[PDB]
Amino acid sequence: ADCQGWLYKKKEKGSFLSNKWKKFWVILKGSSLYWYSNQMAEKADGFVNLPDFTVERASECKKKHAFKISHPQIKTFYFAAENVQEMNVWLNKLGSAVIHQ
């Protein structure tokens, strides 16, 4: 794995003003991102292939330390870390993972 850690994920269609987000164990491997219910689950709850996604800070969310990943044919996802240091690692690693030949 290129990165792993706990992240909150905003419910689909949920208000930017809500702080009720579910916490997942998240793994980045190459250009794919996976979210699991906990650290022992064999099968993830979801995944996305990152080529051509954009990655940005999301200060429009009330939840602190939030960021946005988006693609026009797939989906827009909002995640948040517990603190700025962890957020910065994710921004570092995801920005590399969306680039391709």
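Throughout, full-length UniProt numbering is defined as the position within the sequence shown, counted from one, plus 41.
Ideal placement from N, C-alpha and C gives every residue a C-beta, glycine not left out.
For residue i and residue j, I'd like the C-alpha separation in whole angstroms.
{"i": "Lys-54", "j": "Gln-142", "result": "33 angstroms"}
{"i": "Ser-56", "j": "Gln-45", "result": "26 angstroms"}
{"i": "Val-96", "j": "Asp-86", "result": "21 angstroms"}
{"i": "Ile-140", "j": "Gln-114", "result": "17 angstroms"}
Identify every residue that forms a DSSP beta bridge with residue i.
{"i": "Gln-45", "result": "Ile-68"}
{"i": "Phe-120", "result": "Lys-50, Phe-108"}
So is residue i buried or exposed if we call it buried at 16+ other beta carbons inside 10 Å?
{"i": "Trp-47", "result": "exposed"}
{"i": "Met-81", "result": "exposed"}
{"i": "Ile-110", "result": "buried"}
Relative to the C-alpha of residue i, which residue among the options is closest?
{"i": "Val-89", "options": "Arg-98, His-106, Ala-99, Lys-70", "result": "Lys-70"}
{"i": "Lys-50", "options": "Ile-140, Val-125, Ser-59", "result": "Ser-59"}
{"i": "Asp-43", "options": "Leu-74, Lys-61, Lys-64, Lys-63", "result": "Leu-74"}
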